[PDB]
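Chains as they are written, first to last, in the working numbering: chain L, 699 to 835; chain Y, 64 to 129; chain D, 610 to 1216. Even for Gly, the Cβ is constructed at its ideal location relative to N, Cα and C.
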Amino acid sequence: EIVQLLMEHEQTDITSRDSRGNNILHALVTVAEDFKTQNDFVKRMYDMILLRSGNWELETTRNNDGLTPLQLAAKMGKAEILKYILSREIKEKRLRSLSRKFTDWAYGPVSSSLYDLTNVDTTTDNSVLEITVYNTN
Amino acid sequence: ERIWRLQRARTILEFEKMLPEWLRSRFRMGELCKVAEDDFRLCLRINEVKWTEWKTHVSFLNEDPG
Amino acid sequence: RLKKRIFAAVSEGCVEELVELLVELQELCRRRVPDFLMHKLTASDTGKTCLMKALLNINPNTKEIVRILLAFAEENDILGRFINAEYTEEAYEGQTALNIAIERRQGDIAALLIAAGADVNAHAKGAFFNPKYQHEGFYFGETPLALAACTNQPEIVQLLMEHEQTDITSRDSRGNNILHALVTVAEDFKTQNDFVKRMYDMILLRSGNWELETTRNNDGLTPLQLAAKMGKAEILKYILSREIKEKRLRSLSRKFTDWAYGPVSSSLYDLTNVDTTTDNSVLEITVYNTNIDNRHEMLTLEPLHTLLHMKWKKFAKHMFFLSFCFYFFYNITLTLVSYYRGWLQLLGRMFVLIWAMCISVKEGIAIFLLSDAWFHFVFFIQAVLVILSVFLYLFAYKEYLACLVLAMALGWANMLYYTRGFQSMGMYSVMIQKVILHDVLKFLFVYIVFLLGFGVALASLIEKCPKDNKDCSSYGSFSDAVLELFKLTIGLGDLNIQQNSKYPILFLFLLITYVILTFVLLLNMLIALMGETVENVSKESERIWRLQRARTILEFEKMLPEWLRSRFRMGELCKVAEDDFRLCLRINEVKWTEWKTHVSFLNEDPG
């Protein structure tokens, strides 16, 4: 409730970056732990905030360590938030451009979905796939 | 099995990092697909079959299944 | 200009006004006719009508759009060619506007189209609707009724069957009728939650006949035999025992209750295409079909289990034991011939050559029809070695004794095949057979690589000249080193500081590492792994042995004469209905769980 109050407030700045460089999504990633602990309310808040401000601005930024909240979830050990972020299906046709997974065609039970490799597929400098493999911590 | 998948994975990425820049770009797993009006992004196709939950398909990309 | 505004107008459907307006411009522009409006209103490349493109996109206004389209097409009397039009493209060929409304789960529009004269019998044969390499494509059957059935839509199925013009018995391009289609689809309970069995029942009970289930697709299979070829157990249990309670359609059941009194009841099963009096039956397929690996649960079903049991108790037991005797005497005579090298050779050796030739011919014929058959290779190799040793004994050569004794030892290794007649030893030999495959081989590979490593490791150090003393240098070429290591594993090998080895410390270290890597590590690892496999195999070993025993049973059955085979003829004639006489198998049962008054039964007097 308080989150919706603050975002609905016209003066709130959703994209604000704290002293560490983290915006709100980085913060939600550095927190979230596991299902046996938090019962997964962080994924819900992450979705809520993204859908509430339509943009790639939040998820494309970088904290002072030079990481997007996706790459940050890769550096840290957070699987439950990474599955969510890494496959998103947004059903509402307005905000559907924010999804990372799409259904190319579906007929009966058979369906061919489609995934987005931008920061994943290791055509970039440090991607999600290089981190999850070479990260020994 | 998961541990072996991890080791195999690290070998795979090593061999990828040992390739020339052009031969590396020769493979380039994925394909260009048009998601939205201005959005063209490299995508990876995965086919699925699910008998559990049925629905009328509304949001999709192409009408004609290929 | 005009067409694209229409296709986009129905695709969007957010504005039905400019659909009415654009259509009005079409009718006014029609004053130049039925074929014209179809050409202008139908996409020429793919043959897609606007009605198709209107159904492909489901928005809340779609129903009214379809109504407007059908009224506009009826006002010009194009309604006949307008609905029944279909894709001309190679991949989508045959698809009609009804397949789309059924695929998208729209019941109202499907009804409107049916009542509007839509073809319910239209087969859609594309490359997409008849896929090879099933990853990309969907095969539901060609007919629409098969689509509504395979997609789990009971209402639309009842609509189509209640429609007088639908043909239930239609056979698609592959030869499959609707029941074949339901069989090629159904998977398992953990996946589909078993709605296919329900639809199969629904369709059978809806059209009373044996016509559907007695037909054959172009591969020559009934939907029962097809469920046997494929791995489908859940549909096969259903089909294979059916109890239909309604007295009208009761003639379609494959299981009947002969009599029931209190808890005790004697049911009765139907063996027609099951019991292997036909060419390829349900029982021959589930056994000899190697493409499944579901055959565990396949042979535990109701009639099959007791068919195998009854055959064993009738004949296959005595043929199996008898075979054991004739092979046992053979191998003894083979040993007594091998051990002592007047009239003993003349008496026995002839029989050795005879029965060896018989094994060679029979196992050879069986090996021409090709991990289950691995014995047929071994017995054949034995027979080849025996008769070969006989040829080299008649001819003058010294190599005959080698083949003879090797054949003998191989024979005593082939005693194992006859342990499958007993339950306690059968499961044992099964567990051995799996241990050799999963565990021991991995050990022997990684061990032989070490023998080959340390062999050349040590031979090069002991490689110094013996100085014409064979006892000074214990290690000659690479052979003696490997042999000495294998001695050391048994405890025979001689471990000492060796003269002629210029590096006695390195030598000793490199040998101790061999002992450690072998014993305290890689040999115990094997024991742990075997301890892991025994736990998983202990559950399925009985079923596996039941499978092997089953294949032996069917083999002995196929080796009988036509008359002696018909002498047994498991089952009995029983009168199910007025004209129905069918060979049946009786199975007595006692169930305390659920009580009911017995209404449908066969005889009143329990016997």
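Contact annotation: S810/L and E745/D have beta-carbon atoms nearer than 9 Å. Under the three-state reduction of DSSP output, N1197/D falls in the strand class.
Contact between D867/D and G1180/D is absent: CB atoms are separated by about 13 Å, not below the 8 Å threshold.
Within chain Y, the residues whose beta carbon sits less than 8 Å from that of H744/D are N110, listed in sequence order. Proximity to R780/D across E773/D, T824/D, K806/D and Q743/D peaks at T824/D, based on C-alpha coordinates. At a cut-off of 9 Å, the C-beta of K734/L has no neighbouring C-beta in chain Y. Secondary structure note for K1184/D: it is in no alpha helix (DSSP H), and the uninterrupted beta strand (DSSP E) holding it is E1181 to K1184. Counting only the Cα atoms, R859/D lies some 12 Å from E1187/D. Assignment of alpha helix (DSSP H) within the segment 1106-1139 of chain D, counting only whole runs of 4 or more residues, yields 1113-1125 in chain order.
Relative to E1151/D, the option among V766/D, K846/D, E843/D and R904/D whose CA is nearest is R904/D. Of the candidates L788/D, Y1009/D, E893/D and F924/D, the residue whose Cα lies closest to the Cα of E751/D is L788/D. Burial state of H707/L is exposed, judged by a 10 Å Cβ sphere holding fewer than 16 other Cβ atoms. The three-state reading of DSSP puts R950/D in coil, since its state is none of H, G, I, E or B. Approximately 53 Å separates the beta-carbon atoms of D879/D and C659/D; this is outside 8 Å, ruling out the contact.
Contact note: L124/Y reaches chain L through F800, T801, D802, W803 and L812, using a C-beta cutoff of 8 Å and chain order. Using a Cβ distance threshold of 9 Å, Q762/D and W114/Y do not count as a contacting pair. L69, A72, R73, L76 and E79: these are the residues of the segment 69-86 of chain Y whose beta carbon lies less than 8 Å from some beta carbon of chain L, given in chain order. Contacts with chain L at 9 Å (Cβ-Cβ) do not include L791/D.
Beyond the five residues adjoining it in sequence on each side, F935/D comes within less than 8 Å, by CB distance, of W964 in the same chain, given in chain order. As the crow flies, the alpha-carbon of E111/Y is around 23 Å from that of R91/Y. Taking 9 Å as the cut-off, the Cβ atoms of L1119/D and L1067/D count as close. Check the Cα spacing between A710/D and each of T1028/D, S890/D and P753/D: the tightest is with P753/D. Interface annotation, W114/Y: in contact with chain L, CB-CB separation under 9 Å.
For secondary structure counted as the alpha helix (DSSP H) over 4 or more consecutive residues, the segment 791-824 of chain D holds these complete runs in sequence order: 798-801, 805-815 and 820-823.
Listed by position along chain L, the residues whose Cβ is nearer than 7 Å to that of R104/Y are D814 and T816.
At a Cβ-Cβ threshold of 9 Å, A842/D and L910/D count as neighbours. No residue range can be given for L1025/D, since it is assigned to no beta strand (DSSP E) and is classified by DSSP as neither H nor E. Taking every protein chain shown into account, the CB of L812/L has 16 or more other CB atoms within 10 angstroms, so this residue is buried. At a cut-off of 9 Å between C-beta atoms, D127/Y counts as an interface residue with respect to chain D. Per the C-alpha coordinates, the member of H918/D, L1060/D, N1212/D and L1115/D positioned closest to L1097/D is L1060/D.
For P767/L, the CB contacts under 7 Å within the same chain, skipping 5 residues up- and downstream, are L723, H724, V727 and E757 in chain order. Taking one beta carbon from each stretch, the segment 1155-1167 of chain D and the segment 913-926 of chain D have 3 or more pairs nearer than 8 Å; the two touch. Residue environment: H1207/D is assigned as exposed (fewer than 16 neighbouring CB atoms within 10 Å of its CB, all protein chains considered). With a cutoff of 9 Å on beta-carbon distance, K838/D and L849/D are scored as not near each other.
Around the beta carbon of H732/D, 16 or more other beta carbons sit within 10 angstroms, so the residue counts as buried. For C623/D, no Cβ of chain L is located within less than 9 Å of the residue's own Cβ.
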